[PDB]
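To keep things clear, I will list the structure first and then write my remarks on it.
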Amino acid sequence: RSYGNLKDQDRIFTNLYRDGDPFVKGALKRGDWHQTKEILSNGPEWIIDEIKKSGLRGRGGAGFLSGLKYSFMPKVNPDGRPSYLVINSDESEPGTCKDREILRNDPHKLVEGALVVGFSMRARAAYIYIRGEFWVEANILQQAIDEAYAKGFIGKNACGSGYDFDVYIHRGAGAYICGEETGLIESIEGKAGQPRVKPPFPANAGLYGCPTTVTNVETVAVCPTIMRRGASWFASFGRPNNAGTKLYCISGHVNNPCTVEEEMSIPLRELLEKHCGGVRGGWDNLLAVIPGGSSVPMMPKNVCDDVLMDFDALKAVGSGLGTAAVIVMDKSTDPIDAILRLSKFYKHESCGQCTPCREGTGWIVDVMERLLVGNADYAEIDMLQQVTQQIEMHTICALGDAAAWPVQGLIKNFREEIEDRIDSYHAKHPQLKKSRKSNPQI
Amino acid sequence: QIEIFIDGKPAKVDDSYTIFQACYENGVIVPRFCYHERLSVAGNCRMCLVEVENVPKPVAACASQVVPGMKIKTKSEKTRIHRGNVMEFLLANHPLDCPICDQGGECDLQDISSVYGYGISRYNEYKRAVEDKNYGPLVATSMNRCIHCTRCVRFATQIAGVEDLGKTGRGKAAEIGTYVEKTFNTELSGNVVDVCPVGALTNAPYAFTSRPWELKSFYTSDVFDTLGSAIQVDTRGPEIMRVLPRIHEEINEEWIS
Amino acid sequence: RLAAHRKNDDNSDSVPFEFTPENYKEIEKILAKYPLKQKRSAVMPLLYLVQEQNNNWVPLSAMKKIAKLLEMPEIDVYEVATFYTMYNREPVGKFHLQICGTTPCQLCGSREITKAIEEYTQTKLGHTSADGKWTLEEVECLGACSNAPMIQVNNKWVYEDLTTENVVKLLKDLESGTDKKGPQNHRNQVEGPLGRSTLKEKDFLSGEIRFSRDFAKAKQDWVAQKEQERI
Amino acid sequence: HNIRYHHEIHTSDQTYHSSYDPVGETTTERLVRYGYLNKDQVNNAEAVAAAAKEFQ
Amino acid sequence: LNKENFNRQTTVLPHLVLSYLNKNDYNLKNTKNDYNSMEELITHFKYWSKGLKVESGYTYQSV
Amino acid sequence: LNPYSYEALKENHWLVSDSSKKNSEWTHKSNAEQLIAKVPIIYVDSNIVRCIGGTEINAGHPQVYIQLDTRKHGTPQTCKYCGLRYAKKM
Ligand SMILES: Cc1cc2nc3c(=O)[nH]c(=O)nc-3n(C[C@H](O)[C@H](O)[C@H](O)COP(=O)(O)O)c2cc1C
Ligand code: SF4
Ligand code: SF4
Ligand code: SF4
Ligand code: FES
Ligand code: FES
Ligand SMILES: [Zn+2]
């Protein structure tokens with residue numbers, strides 16, 4: 001079938017455009033906190049099975065199966081230590097602006113999902129890690145949590161089911177690396193926030209040495225609606241192994257940048273000229289698209305003309321869905337400049353703990369700065385490819401891979417453009433002697 | 001008690017071992033910079049990366065437990081490539097300081113580069129520069145040479161019991177040391193020099209005077225305190241040049257005052 | 001920023017610091033948010049409190065006071081305050097402008113609005129003005145890519161959809177204090193210009209929305225089917 | 001900018017060793033010396049066959 | 001005949017074979033020394049302080 | 001100021017100083033300290049300076065990089081091969 005053209009009834013986030021009050025009154029008017037007592041009455045194993053059968057996958061940029069991952073949590077703690085559920089509300093991936101909309105429009109959905117998931121994994125408390133740049137969103141979520149306490153939905157007799165659940169907000173400062181799960185836990189535990197060496201995994205030893213799980217806002221927020229609607233309803237949308245709806249944020253050189261919600265595995269072009277008003281100057285004016293966050297490698301128009309928007313489809317063409325962030329570029333865009341700015345972003349956000357990332361981010365930026373102006377060699381492109389392959393897959397965490405991928409995509413798609421720039425520079429700038437000293441500082 | 005394989009030779013170890021411990025006990029030498037036999041396990045450097053089948057990514061030998069039936073290939077070409085890449089990244093920002101560095105002739109960076117690295121460089125940009133700090137008349141600092149190995153921080157926290165050292169900053173511009181101008185005043189302070197693999201921290205009294213190859217060593221015991229610390233005396237001709245600790249495990253462990 | 005303590009006459013050990021009683025109540029609430037043995041976890045919130053009550057920057061004496069309060073070494077407070085770029089360890093101007101420069105905002109004209117702010121405030125991209133009213137700084141993505149280009153003020157308020165003249169008008173409004181939050185144009189939060197394209201239905205979006213299920217029968221079916229397949 | 005193969009991968013360091021038993025040694029002497037037979041059970045077909053199979 | 005090239009002076013080029021075959025090694029040796037490369041400076045220091053390391057074995061070579 | 005005092009030692013890398021610089025013609029057998037002290041401070045615009053001790057590579061000393069962004073603004077720094085001293089301009 002032709003995926004897309006979702007009905008308004010099947011939207012989960014009906015408050016995304018601020019058509020009602022986001023607080024407890026509007027949340028009850030929209031159906032939040034409805035029949036939650038009946039949900040908590042069933043055993044946690046039933047909730048785990050329902051999430052597994054729903055086919056929901058992580059929306060944080062990985063795509064792991066949420067139900068199985070939640071099932072990884074231990075069933076009992078002989079030590080008496082508690083279990084913690086952590087909501088990854090940190091969002092610093094360039095191009096992605098969806099969880100901000102969720103928090104500032106539908107906070108009670110997040111709270112209800114947190115309660116349901118924590119009950120499913122038998123967790124005592126829930127810590128929501130919001131970035132410091134989301135000041136307004138943090139205030140709104142805190143007010144919603146206060147209302148939830150005042151209405152007796154969480155804490156002490158949470159929904160009158162005998163379970164104790166506290167929801168807390170931990171506001172973190174500016175750091176992209178704090179989005180990584182172990183780095184997030186280290187940031188909560190009064191530390192810098194550097195990622196840990198795994199194994200061990202947070203399912204065994206996480207926050208404070210207790211079992212912990214880290215999950216995105218979107219999955220938690222859609223869990224209660226999935227539970228009420230049913231697993232089959234969620235699985236009825238999208239391709240197999242790509243079930244459910246998805247929030248797409250589109251920005252850049254498109255006519256109508258916006259955030260929408262649509263059935264997963266939707267065609268890319270059909271999405272753009274259905275919701276975002278088409279590419280500026282027409283489809284022929286398109287140069288490249290980044291299907292996910294800045295971590296995902298960029299795509300050329302050749303595959304953008306036909307590719308669908310999901311995990312497997314974007315992975316089969318040398319990309320990934322990531323966080324469903326769509327960046328569109330016109331023919332007036334300089335790909336080298338955009339990728340250089342992305343590399344400069346990744347250079348500033350490295351935590352500096354482990355060697356390959358800490359040196360390779362700076363080396364990549366320094367090489368790309370010369371590649372932009374043409375003051376380079378034809379072999380420097382291959383050297384950069386080799387340097388990226390050395391950085392990736394050798395580091396403590398997955399940020400090194402995220403820094404390596406965009407440069408590899410840029411090389412693979414516009415080696416000819418890079419060569420043309422270098423050729424023009426060397427044709428306009430004759431030079432015979434080669435300096436034995438280092439390159440001038442930029 | 002599990003059976004593993006190191007370069008094709010079967011071996012029997014305990015299930016609690018790390019790959020590095022098994023390799024060392026079986027006579028296999030793995031390069032390292034941040035791992036120390038008495039401090040906590042850190043995995044910040046990556047020079048101990050090895051190659052294991054059915055595991056796509058290289059695995060850090062020091063910070064990974066052994067698995068029954070696994071095979072470690074320390075002599076494959078993939079391990080050579082891993083070590084070369086890590087050495088390249090380590091030497092990208094290292095200063096050209098060997099003639100003026102007191103670590104020359106006994107630097108682990110030099111020997112590891114010579115034995116395992118590619119042997120030549122291609123980095124042609126400005127390196128980072130770090131201003132030196134003052135820690136007192138016993139420890140001399142040249143912080144351009146630091147590789148952020150955390151050995152000094154772990155030694156100060158876990159062995160000396162003082163909490164004055166740390167890592168402030170982020171990324172490539174992060175710096176190791178005290179935030180404010182403060183001396184590293186403590187007993188067992190000079191020991192931190194022996195912990196640091198590079199010439200970042202050096203013996204300030206033993207500054208520029210000698211080189212490792214022109215010294216003769218003797219084993220003896222100390223009398224300055226009633227613990228008979230096992231010590232090594234390094235001399236050049238009729239002049240005693242320095243004193244180093246030894247290993248006893250019943251006296252002074254590894255350390256001297 | 002330098003990853004060390006710069007020698008400053010107004011930021012020495014002799015500089016006094018003390019939490020306000022309202023900040024002390026906030027401190028006890030924050031410590032109640034965390035386990036008894038994990039008081040150090042409250043280092044990040046308390047820092048904000050300092051930055052709230054001391055003109056948007058954190059002095060060294062405040063960090064020492066936090067270390068004493070949380071029974072943790074001063075070096076850990078130093079590491080936390082230096083790791084995160086959102087904490088100011090030096091005094092900053094009255095209006096701290098943080099212009100986004102990441103590629104999604106760069107494609108929409110971040111450089112042009114940066115040049116406009118530069119030419120209005122008479123202050124460079126990474127600099128504080130002579131009078132101390134403005135501090136221009138470039139930052140990474142601020143999570144508002146759809147409403148690009150956008151800036152943030154004082155780590156508090158975000159302003160989106162800026163042009164060459166709209167950013168000048170916004171700066172004048174900020175000077176006069178009569179500014180408008182959110183987008184500087186007709187755009188209504190995240191929905192794109194030229195109207196919206198989804199959530200068009202209003203009868204369903206203005207009435208009571210309910211979805212009921214029989215969880216008792218669901219559980220009985222689940223237990224019956226798992227028992228049957230196990231048999 | 002290519003540095004990965006500045007060092008030789010294949011080198012001429014191979015050594016080959018050959019070890020032989022004494023030419024004048026008989027089968028019985030070889031079986032006795034290698035701990036597959038004893039001097040007493042010499043000149044017996046069953047002992048010789050068992051030692052030969054054990055050796056093989 | 002060339003006017004400004006070095007080959008005008010004489011027909012002997014003692015680096016033509018070496019540059020023809022081992023171009024990669026010729027390029028590296030002519031660009032990096034112990035004054036602008038860390039690896040090369042480490043090699044120089046080890047070479048002139050302790051010497052090169054030779055794997056254990058026996059050889060006999062005659063000329 | 002007493003060269004054996006706490007302040008003088010602390011601001012001299014914990015070494016006994018010599019303002020006259022004339023002890024080194026006997027202890028170090030040359031007058032190089034005086035000559036290098038005769039060279040004024042070079043003021044650099046950027047935060048980092050590169051020293052090679054000459055006009056070309058191999059005529060001087062290996063490339064070294066000196067930080068001029070100090071804890072105290074404008075503190076001069078000395079090359080560890082050649083005695084030249086640099087400071088950030090204003
Ligand atoms: C460098 C880095 C940054 C990340 N940033 C985020 C982030 O901002 N938000 C998020 O939800 N996950 C982020 N992740 C992914 C998390 O580590 C983790 O995989 C995810 O939160 C799992 O949740 P999910 O199953 O709901 O996707 C990041 C991962 C890495 C390596
Ligand atoms: S890969 Fe980079 S961000 Fe991740 S642990 Fe290493 S230094 Fe930190
Ligand atoms: S620490 Fe010193 S001897 Fe060791 S390689 Fe580095 S500069 Fe050379
Ligand atoms: S100063 Fe030396 S020992 Fe200390 S962390 Fe740095 S490299 Fe390691
Ligand atoms: S020695 Fe293993 S990571 Fe450092
Ligand atoms: S790139 Fe500017 S808000 Fe994301
Ligand atoms: Zn010099």
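Residue numbering restarts at 1 for every chain of the structure tokens, chains are lettered A, B, ... in their displayed order, and ligands are numbered from 1 as they appear.
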Each chain A residue no farther than 8 Å from ligand 1, nearest pair in Å, only C-alpha atoms and all ligand atoms, as JSON lines:
{"residue": "A:57", "atom": "CA", "partner": "ligand 1", "partner_atom_place_in_ligand_line": "25 (O)", "distance": 6.4}
{"residue": "A:58", "atom": "CA", "partner": "ligand 1", "partner_atom_place_in_ligand_line": "27 (O)", "distance": 3.3}
{"residue": "A:59", "atom": "CA", "partner": "ligand 1", "partner_atom_place_in_ligand_line": "27 (O)", "distance": 4.3}
{"residue": "A:60", "atom": "CA", "partner": "ligand 1", "partner_atom_place_in_ligand_line": "27 (O)", "distance": 3.3}
{"residue": "A:61", "atom": "CA", "partner": "ligand 1", "partner_atom_place_in_ligand_line": "27 (O)", "distance": 5.6}
{"residue": "A:62", "atom": "CA", "partner": "ligand 1", "partner_atom_place_in_ligand_line": "27 (O)", "distance": 5.4}
{"residue": "A:63", "atom": "CA", "partner": "ligand 1", "partner_atom_place_in_ligand_line": "27 (O)", "distance": 5.9}
{"residue": "A:64", "atom": "CA", "partner": "ligand 1", "partner_atom_place_in_ligand_line": "25 (O)", "distance": 5.6}
{"residue": "A:65", "atom": "CA", "partner": "ligand 1", "partner_atom_place_in_ligand_line": "25 (O)", "distance": 6.9}
{"residue": "A:66", "atom": "CA", "partner": "ligand 1", "partner_atom_place_in_ligand_line": "25 (O)", "distance": 5.6}
{"residue": "A:69", "atom": "CA", "partner": "ligand 1", "partner_atom_place_in_ligand_line": "25 (O)", "distance": 7.6}
{"residue": "A:87", "atom": "CA", "partner": "ligand 1", "partner_atom_place_in_ligand_line": "11 (O)", "distance": 7.9}
{"residue": "A:88", "atom": "CA", "partner": "ligand 1", "partner_atom_place_in_ligand_line": "11 (O)", "distance": 4.8}
{"residue": "A:89", "atom": "CA", "partner": "ligand 1", "partner_atom_place_in_ligand_line": "9 (N)", "distance": 6.3}
{"residue": "A:90", "atom": "CA", "partner": "ligand 1", "partner_atom_place_in_ligand_line": "8 (O)", "distance": 4.7}
{"residue": "A:91", "atom": "CA", "partner": "ligand 1", "partner_atom_place_in_ligand_line": "8 (O)", "distance": 3.6}
{"residue": "A:92", "atom": "CA", "partner": "ligand 1", "partner_atom_place_in_ligand_line": "8 (O)", "distance": 5.2}
{"residue": "A:93", "atom": "CA", "partner": "ligand 1", "partner_atom_place_in_ligand_line": "8 (O)", "distance": 5.8}
{"residue": "A:176", "atom": "CA", "partner": "ligand 1", "partner_atom_place_in_ligand_line": "3 (C)", "distance": 6.3}
{"residue": "A:177", "atom": "CA", "partner": "ligand 1", "partner_atom_place_in_ligand_line": "1 (C)", "distance": 5.1}
{"residue": "A:178", "atom": "CA", "partner": "ligand 1", "partner_atom_place_in_ligand_line": "3 (C)", "distance": 7.0}
{"residue": "A:179", "atom": "CA", "partner": "ligand 1", "partner_atom_place_in_ligand_line": "5 (N)", "distance": 3.6}
{"residue": "A:180", "atom": "CA", "partner": "ligand 1", "partner_atom_place_in_ligand_line": "17 (O)", "distance": 3.9}
{"residue": "A:181", "atom": "CA", "partner": "ligand 1", "partner_atom_place_in_ligand_line": "17 (O)", "distance": 4.4}
{"residue": "A:182", "atom": "CA", "partner": "ligand 1", "partner_atom_place_in_ligand_line": "17 (O)", "distance": 7.6}
{"residue": "A:214", "atom": "CA", "partner": "ligand 1", "partner_atom_place_in_ligand_line": "21 (O)", "distance": 5.4}
{"residue": "A:215", "atom": "CA", "partner": "ligand 1", "partner_atom_place_in_ligand_line": "23 (O)", "distance": 3.5}
{"residue": "A:216", "atom": "CA", "partner": "ligand 1", "partner_atom_place_in_ligand_line": "26 (O)", "distance": 3.7}
{"residue": "A:217", "atom": "CA", "partner": "ligand 1", "partner_atom_place_in_ligand_line": "11 (O)", "distance": 6.6}
{"residue": "A:218", "atom": "CA", "partner": "ligand 1", "partner_atom_place_in_ligand_line": "26 (O)", "distance": 7.1}
{"residue": "A:219", "atom": "CA", "partner": "ligand 1", "partner_atom_place_in_ligand_line": "26 (O)", "distance": 5.5}
{"residue": "A:220", "atom": "CA", "partner": "ligand 1", "partner_atom_place_in_ligand_line": "26 (O)", "distance": 7.6}
{"residue": "A:397", "atom": "CA", "partner": "ligand 1", "partner_atom_place_in_ligand_line": "31 (C)", "distance": 6.0}
{"residue": "A:398", "atom": "CA", "partner": "ligand 1", "partner_atom_place_in_ligand_line": "31 (C)", "distance": 4.2}
{"residue": "A:399", "atom": "CA", "partner": "ligand 1", "partner_atom_place_in_ligand_line": "1 (C)", "distance": 4.2}
{"residue": "A:400", "atom": "CA", "partner": "ligand 1", "partner_atom_place_in_ligand_line": "1 (C)", "distance": 8.0}
{"residue": "A:402", "atom": "CA", "partner": "ligand 1", "partner_atom_place_in_ligand_line": "1 (C)", "distance": 7.1}
Once you count only C-alpha atoms, which residues of chain A turn out to be within 6 Å of chain C? Could you give them as a list in words?
->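 Result, ordered by chain then number: residues 8, 29, 30, 31, 94, 95, 97, 173, 174, 188, 189, 190, 191, 192, 251, 252, 256, 257, 258, 275 and 338 of chain A.
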Contacts with ligand 4 at most 8 Å, only C-alpha atoms and all ligand atoms counted, listed as a compact mmCIF listing (two decimals) with C-alpha atoms, in the first residue's frame:
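Generated file (part.txt):
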# COMPACT_ATOMS: atom_id res chain seq x y z
CA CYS B 34 46.34 4.69 31.20
CA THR B 141 55.20 20.66 35.00
CA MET B 143 51.67 20.29 30.32
CA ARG B 145 53.16 16.65 26.95
CA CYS B 146 50.07 15.44 28.83
CA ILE B 147 47.93 12.81 27.11
CA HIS B 148 44.99 13.11 29.57
CA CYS B 149 45.60 9.61 30.91
CA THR B 150 44.07 10.39 34.36
CA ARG B 151 46.82 8.40 36.13
CA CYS B 152 47.78 11.37 38.31
CA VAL B 153 44.16 12.10 39.25
CA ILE B 176 44.62 18.40 33.84
CA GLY B 177 45.46 19.94 37.18
CA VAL B 192 52.98 10.92 41.05
CA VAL B 193 55.92 11.64 38.75
CA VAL B 195 53.02 7.35 37.67
CA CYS B 196 52.91 9.81 34.76
CA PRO B 197 54.07 8.06 31.56
CA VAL B 198 55.16 11.27 29.81
CA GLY B 199 57.36 14.22 30.75
CA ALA B 200 54.31 16.22 31.81
CA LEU B 201 55.28 15.77 35.47
Atom pair CA of residue 126 in chain B / CA of residue 95 in chain B: separation (Å) =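 These two atoms are separated by 10.3 Å.
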Using only C-alpha atoms and all ligand atoms, find each residue with an atom at most 9 Å away from ligand 5 and format the answer as an MDAnalysis selection string.
-> (chainID A and resid 354) or (chainID B and resid 20 30:36 41:49 60:64 149)
All residues having an atom within 6 Å of ligand 7 (only C-alpha atoms and all ligand atoms) as a list in words | residues 51, 52, 53, 79, 81 and 82 of chain F
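CA of residue 5 in chain F lies 18.3 Å from CA of residue 21 in chain F.
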Chain D residues within 12 Å of chain A, counting only C-alpha atoms: which ones, as a PyMOL selection string?
-> chain D and resi 1-4
CA of residue 128 in chain A and CA of residue 32 in chain C, how far apart in Å?
-> 16.0 Å
Residues at most 7 Å from ligand 3, using only C-alpha atoms and all ligand atoms? Could they come as a CSV table (one decimal) with N, CA and C atoms, in the first residue's frame?
chain,number,residue,atom,x,y,z
B,94,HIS,N,51.3,16.0,20.2
B,94,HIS,CA,52.5,16.0,21.1
B,94,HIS,C,53.5,16.9,20.7
B,95,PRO,N,54.2,17.7,21.6
B,95,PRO,CA,55.2,18.6,21.2
B,95,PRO,C,56.5,18.0,20.9
B,96,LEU,N,57.3,18.6,20.1
B,96,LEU,CA,58.6,18.2,19.7
B,96,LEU,C,59.7,18.5,20.8
B,97,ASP,N,59.6,17.8,21.9
B,97,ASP,CA,60.3,18.1,23.1
B,97,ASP,C,61.2,17.1,23.6
B,98,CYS,N,61.5,16.0,22.9
B,98,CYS,CA,62.3,14.9,23.4
B,98,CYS,C,63.7,15.3,23.8
B,101,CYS,N,63.1,17.0,27.1
B,101,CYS,CA,62.2,16.3,28.0
B,101,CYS,C,63.0,15.3,28.8
B,102,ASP,N,62.8,15.4,30.1
B,102,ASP,CA,63.5,14.5,31.0
B,102,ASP,C,63.0,13.0,30.9
B,103,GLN,N,61.9,12.8,30.2
B,103,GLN,CA,61.4,11.4,30.0
B,103,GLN,C,62.2,10.7,28.9
B,104,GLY,N,63.0,11.4,28.1
B,104,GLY,CA,63.7,10.8,27.0
B,104,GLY,C,64.6,9.7,27.5
B,105,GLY,N,64.6,8.6,26.7
B,105,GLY,CA,65.3,7.4,27.1
B,105,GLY,C,64.6,6.4,27.9
B,107,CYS,N,60.8,7.0,28.0
B,107,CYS,CA,59.4,7.4,27.8
B,107,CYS,C,58.7,6.2,27.2
B,108,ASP,N,57.5,5.8,27.7
B,108,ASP,CA,56.7,4.8,27.2
B,108,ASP,C,56.1,5.2,25.8
B,109,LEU,N,55.9,6.5,25.7
B,109,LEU,CA,55.4,7.0,24.4
B,109,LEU,C,56.4,6.7,23.3
B,110,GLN,N,57.7,7.0,23.5
B,110,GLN,CA,58.7,6.8,22.6
B,110,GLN,C,58.9,5.3,22.2
B,145,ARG,N,52.9,18.1,27.1
B,145,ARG,CA,53.2,16.7,27.0
B,145,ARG,C,52.1,15.7,27.5
B,198,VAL,N,54.5,10.3,30.7
B,198,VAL,CA,55.2,11.3,29.8
B,198,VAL,C,55.9,12.3,30.7
B,199,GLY,N,56.6,13.2,30.0
B,199,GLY,CA,57.4,14.2,30.7
B,199,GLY,C,56.5,15.4,31.2
B,200,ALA,N,55.2,15.2,31.3
B,200,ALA,CA,54.3,16.2,31.8
B,200,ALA,C,54.6,16.6,33.3
E,42,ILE,N,61.0,11.2,17.3
E,42,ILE,CA,61.1,10.0,18.2
E,42,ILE,C,62.1,9.0,17.6
Which chain B residues are at most 6 Å from chain F (counting only C-alpha atoms), as a PyMOL selection string?
-> chain B and resi 129-131+137
For chain B, report every residue with an atom at most 12 Å from chain C (counting only C-alpha atoms), formatted as a short mmCIF file (atom, residue, chain, number, x, y, z; two decimals) with N, CA, C and O atoms, in the first residue's frame.
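Listed below is the output, result11.cif:
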data_model
loop_
_atom_site.label_atom_id
_atom_site.label_comp_id
_atom_site.auth_asym_id
_atom_site.auth_seq_id
_atom_site.Cartn_x
_atom_site.Cartn_y
_atom_site.Cartn_z
N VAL B 130 49.68 24.59 26.05
CA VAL B 130 49.14 24.69 27.40
C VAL B 130 50.16 25.42 28.27
O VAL B 130 51.35 25.10 28.24
N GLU B 131 49.69 26.40 29.03
CA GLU B 131 50.56 27.10 29.97
C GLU B 131 50.89 26.20 31.16
O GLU B 131 50.04 25.43 31.63
N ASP B 132 52.12 26.29 31.64
CA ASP B 132 52.58 25.44 32.73
C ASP B 132 52.08 25.96 34.07
O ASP B 132 51.87 27.16 34.27
N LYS B 133 51.90 25.03 35.00
CA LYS B 133 51.46 25.33 36.36
C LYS B 133 52.60 25.09 37.34
O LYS B 133 53.57 24.38 37.05
N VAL B 153 45.39 11.87 38.50
CA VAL B 153 44.16 12.10 39.25
C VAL B 153 43.80 10.88 40.07
O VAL B 153 43.45 10.97 41.25
N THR B 157 43.67 10.68 44.18
CA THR B 157 42.42 10.38 44.87
C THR B 157 42.52 9.08 45.66
O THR B 157 42.12 9.03 46.83
N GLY B 161 45.24 10.11 48.90
CA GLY B 161 44.13 10.56 49.71
C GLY B 161 43.83 12.04 49.64
O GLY B 161 43.01 12.52 50.43
N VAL B 162 44.47 12.77 48.74
CA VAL B 162 44.25 14.20 48.58
C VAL B 162 43.37 14.43 47.36
O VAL B 162 43.44 13.69 46.37
N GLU B 163 42.54 15.47 47.42
CA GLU B 163 41.56 15.71 46.37
C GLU B 163 41.80 17.04 45.66
O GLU B 163 40.86 17.81 45.44
N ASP B 164 43.05 17.32 45.30
CA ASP B 164 43.40 18.59 44.67
C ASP B 164 43.52 18.51 43.16
O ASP B 164 43.58 19.56 42.51
N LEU B 165 43.57 17.32 42.57
CA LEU B 165 43.76 17.17 41.14
C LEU B 165 42.47 16.77 40.44
O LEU B 165 41.61 16.10 41.02
N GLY B 166 42.34 17.19 39.19
CA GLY B 166 41.16 16.86 38.41
C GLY B 166 41.33 17.30 36.98
O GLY B 166 42.40 17.76 36.57
N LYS B 167 40.26 17.15 36.20
CA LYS B 167 40.25 17.53 34.79
C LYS B 167 39.15 18.56 34.59
O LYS B 167 37.96 18.25 34.75
N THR B 168 39.54 19.78 34.23
CA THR B 168 38.60 20.87 33.99
C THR B 168 38.61 21.24 32.51
O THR B 168 39.66 21.26 31.87
N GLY B 169 37.43 21.53 31.98
CA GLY B 169 37.27 21.85 30.58
C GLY B 169 36.62 20.72 29.81
O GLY B 169 36.16 19.72 30.36
N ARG B 170 36.58 20.90 28.49
CA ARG B 170 35.94 19.94 27.61
C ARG B 170 36.72 19.83 26.30
O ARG B 170 37.42 20.77 25.90
N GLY B 171 36.59 18.68 25.65
CA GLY B 171 37.17 18.48 24.34
C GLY B 171 38.69 18.52 24.35
O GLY B 171 39.35 18.06 25.29
N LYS B 172 39.25 19.06 23.27
CA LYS B 172 40.69 19.16 23.13
C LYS B 172 41.29 20.23 24.04
O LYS B 172 42.49 20.15 24.35
N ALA B 173 40.51 21.20 24.47
CA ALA B 173 41.01 22.30 25.29
C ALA B 173 40.95 22.00 26.78
O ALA B 173 41.30 22.87 27.58
N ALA B 174 40.51 20.81 27.18
CA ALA B 174 40.50 20.45 28.59
C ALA B 174 41.92 20.37 29.13
O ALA B 174 42.87 20.08 28.40
N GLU B 175 42.06 20.65 30.42
CA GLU B 175 43.36 20.68 31.07
C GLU B 175 43.34 19.86 32.35
O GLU B 175 42.33 19.83 33.06
N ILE B 176 44.45 19.20 32.63
CA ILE B 176 44.62 18.40 33.84
C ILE B 176 45.33 19.25 34.88
O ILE B 176 46.36 19.87 34.59
N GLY B 177 44.78 19.29 36.08
CA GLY B 177 45.46 19.94 37.18
C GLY B 177 44.47 20.63 38.09
O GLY B 177 43.26 20.44 37.99
N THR B 178 45.02 21.42 39.01
CA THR B 178 44.20 22.22 39.90
C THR B 178 43.59 23.40 39.15
O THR B 178 44.18 23.94 38.21
N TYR B 179 42.38 23.78 39.56
CA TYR B 179 41.73 24.93 38.94
C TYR B 179 42.41 26.23 39.32
O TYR B 179 42.59 27.12 38.48
N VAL B 180 42.81 26.36 40.58
CA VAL B 180 43.44 27.57 41.09
C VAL B 180 44.94 27.31 41.25
O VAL B 180 45.41 26.18 41.14
N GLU B 181 45.68 28.38 41.52
CA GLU B 181 47.12 28.28 41.75
C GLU B 181 47.34 27.70 43.14
O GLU B 181 47.26 28.42 44.15
N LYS B 182 47.63 26.41 43.21
CA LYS B 182 47.81 25.70 44.47
C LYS B 182 48.92 24.68 44.32
O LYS B 182 48.99 23.97 43.30
#
Of the listed residues A:151, A:341, A:156, A:269, that which approaches ligand 6 most closely, counting only C-alpha atoms and all ligand atoms | A:341
Could you please write out, as a PyMOL selection string, every residue of range 63-210 of chain C that DSSP assigns to strand (DSSP E or B)?
-> chain C and resi 95-100+128+134-139+150-153+157-160+182-183
Pick from C:98, C:128, C:154, C:225 nearest to ligand 6, counting only C-alpha atoms and all ligand atoms |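 Nearest to ligand 6: C:98.
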Would you mind telling me which residue in B:233, B:241, B:13, B:91 lies nearest to chain E when using only C-alpha atoms?
->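 Of B:233, B:241, B:13, B:91, the one nearest chain E is B:91, counting only C-alpha atoms.
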Could you give me, as a Markdown table, every chain A residue with an atom at most 6 Å from chain B, plus its closest atom pair and distance in Å to one decimal, counting only C-alpha atoms, rows ordered by chain then number?
| residue | atom | partner | partner_atom | distance |
| --- | --- | --- | --- | --- |
| A:350 | CA | B:171 | CA | 5.0 |
| A:351 | CA | B:171 | CA | 4.7 |
| A:352 | CA | B:171 | CA | 3.8 |
| A:353 | CA | B:44 | CA | 5.6 |
| A:354 | CA | B:44 | CA | 4.2 |
| A:355 | CA | B:45 | CA | 5.5 |
| A:356 | CA | B:89 | CA | 5.9 |
| A:358 | CA | B:172 | CA | 5.5 |
| A:359 | CA | B:89 | CA | 5.9 |
| A:438 | CA | B:124 | CA | 4.9 |
| A:439 | CA | B:125 | CA | 5.1 |
Could you take the residues named above and write them with C-alpha atoms, as an mmCIF file, in the first residue's frame?
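Listing of result-v2.cif after writing:
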data_model
loop_
_atom_site.group_PDB
_atom_site.id
_atom_site.type_symbol
_atom_site.label_atom_id
_atom_site.label_comp_id
_atom_site.auth_asym_id
_atom_site.auth_seq_id
_atom_site.Cartn_x
_atom_site.Cartn_y
_atom_site.Cartn_z
ATOM 1 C CA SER A 350 33.315 16.149 22.264
ATOM 2 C CA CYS A 351 33.888 15.475 25.943
ATOM 3 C CA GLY A 352 37.619 14.882 25.466
ATOM 4 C CA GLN A 353 37.677 11.673 27.502
ATOM 5 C CA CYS A 354 39.062 9.285 24.887
ATOM 6 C CA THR A 355 41.836 9.855 22.377
ATOM 7 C CA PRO A 356 40.510 9.204 18.829
ATOM 8 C CA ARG A 358 39.477 14.225 21.074
ATOM 9 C CA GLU A 359 42.134 14.583 18.390
ATOM 10 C CA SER A 438 52.929 23.637 9.378
ATOM 11 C CA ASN A 439 49.833 25.132 7.792
#
